[PDB]
$ cat structure23.txt   # compact mmCIF, C-alpha atoms
# COMPACT_ATOMS: atom_id res chain seq x y z
CA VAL A 84 -64.08 -31.46 176.26
CA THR A 85 -63.65 -28.26 174.21
CA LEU A 86 -61.06 -28.56 171.42
CA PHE A 87 -61.36 -25.96 168.62
CA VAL A 88 -59.33 -25.89 165.39
CA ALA A 89 -58.33 -22.76 163.43
CA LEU A 90 -60.46 -22.62 160.26
CA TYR A 91 -57.95 -20.08 158.89
CA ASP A 92 -54.39 -18.81 159.49
CA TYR A 93 -53.44 -15.68 161.47
CA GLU A 94 -50.20 -13.77 162.15
CA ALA A 95 -50.03 -12.47 165.74
CA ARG A 96 -49.08 -8.82 165.10
CA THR A 97 -48.73 -8.31 168.87
CA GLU A 98 -47.33 -10.14 171.92
CA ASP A 99 -50.94 -10.79 173.00
CA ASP A 100 -52.54 -12.54 170.00
CA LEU A 101 -51.02 -15.76 168.60
CA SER A 102 -49.89 -17.07 165.19
CA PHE A 103 -50.86 -20.30 163.39
CA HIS A 104 -52.49 -21.76 160.26
CA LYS A 105 -55.70 -23.67 159.47
CA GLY A 106 -55.47 -27.18 160.97
CA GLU A 107 -53.82 -25.95 164.19
CA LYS A 108 -55.50 -27.25 167.37
CA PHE A 109 -56.34 -24.74 170.14
CA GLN A 110 -57.60 -25.04 173.73
CA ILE A 111 -60.23 -22.33 174.34
CA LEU A 112 -59.98 -21.62 178.08
CA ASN A 113 -62.07 -18.43 178.22
CA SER A 114 -64.53 -17.38 175.49
CA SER A 115 -66.93 -14.91 177.14
CA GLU A 116 -65.12 -11.56 176.79
CA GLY A 117 -65.31 -9.70 173.46
CA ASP A 118 -65.33 -11.73 170.22
CA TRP A 119 -61.72 -12.72 171.03
CA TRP A 120 -61.09 -15.72 173.31
CA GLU A 121 -57.85 -16.98 174.89
CA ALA A 122 -56.72 -20.32 173.43
CA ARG A 123 -53.59 -22.34 174.31
CA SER A 124 -51.39 -23.65 171.47
CA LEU A 125 -51.19 -27.43 172.01
CA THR A 126 -48.02 -27.42 169.89
CA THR A 127 -45.91 -24.49 171.15
CA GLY A 128 -47.61 -24.38 174.57
CA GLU A 129 -47.83 -20.57 174.78
CA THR A 130 -51.34 -19.16 175.36
CA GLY A 131 -52.76 -16.02 173.70
CA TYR A 132 -55.97 -14.43 172.37
CA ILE A 133 -57.26 -15.42 168.91
CA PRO A 134 -60.36 -14.45 166.93
CA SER A 135 -63.29 -16.64 168.03
CA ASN A 136 -64.67 -16.51 164.47
CA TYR A 137 -61.41 -18.20 163.39
CA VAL A 138 -61.93 -21.37 165.46
CA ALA A 139 -64.69 -23.99 165.79
CA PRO A 140 -65.52 -27.08 167.85
CA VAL A 141 -63.93 -30.35 166.67
CA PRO B 91 -62.92 -0.97 171.38
CA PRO B 92 -64.92 -3.27 169.10
CA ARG B 93 -62.79 -6.38 168.52
CA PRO B 94 -61.31 -6.21 165.01
CA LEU B 95 -61.91 -9.85 164.02
CA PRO B 96 -60.07 -10.64 160.78
CA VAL B 97 -63.00 -11.05 158.36
CA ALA B 98 -62.58 -14.58 156.94
CA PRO B 99 -61.42 -14.90 153.33
CA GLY B 100 -64.36 -13.03 151.74
CA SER B 101 -67.43 -15.23 151.17
CA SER B 102 -65.52 -18.52 150.86
CA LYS B 103 -63.56 -17.29 147.82
CA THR B 104 -60.99 -19.69 146.34
$ encode --input "structure23.txt" --output "structure tokens"
Amino acid sequence: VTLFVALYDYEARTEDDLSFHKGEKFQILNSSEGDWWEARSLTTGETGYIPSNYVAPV
Amino acid sequence: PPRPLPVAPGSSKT
């Protein structure tokens, strides 16, 4: 079990990062690389890389 | 390079 929510919003300025607002659920699949992990949008379904400091455990 | 990391909204401002 590893569900993290976005504590803040973010506008993906690239085709790699993602876009969402506080309250959006995210599935952190890999969080070992730099400070950016790859989460999967449970709503849209597209995966991307978001700031790890912008998400926290349920 | 060093991940940018959008600094949260200042020190919890507003």
$ residues_near_point --input "structure23.txt" --point "(-61.1, -16.9, 164.5)" --cutoff "8 Å" --atoms "all atoms listed in the file" --output "JSON, numbers by chain"
{"A": [89, 90, 91, 119, 133, 134, 135, 136, 137, 138], "B": [95, 96]}
$ interface_residues --input "structure23.txt" --of "chain B" --to "chain A" --cutoff "9 Å" --atoms "all atoms listed in the file" --output "ChimeraX atom specification"
/B:92-99
$ atom_distance --input "structure23.txt" --atom1 "CA of residue 99 (chain A)" --atom2 "CA of residue 131 (chain A)"
5.6 Å
$ atom_distance --input "structure23.txt" --atom1 "CA of residue 110 (chain A)" --atom2 "CA of residue 85 (chain A)"
6.9 Å
$ atom_distance --input "structure23.txt" --atom1 "CA of residue 111 (chain A)" --atom2 "CA of residue 102 (chain B)"
24.4 Å
$ residues_around --input "structure23.txt" --residues "residue 107 (chain A)" --least-positions-apart "3" --cutoff "7 Å" --atoms "all atoms listed in the file" --output "number ranges by chain"
A: 88-89, 103-104
$ residues_around --input "structure23.txt" --residues "residue 101 (chain A)" --least-positions-apart "3" --cutoff "9 Å" --atoms "only C-alpha atoms" --output "PyMOL selection string"
chain A and resi 93-98+122+124+129-133
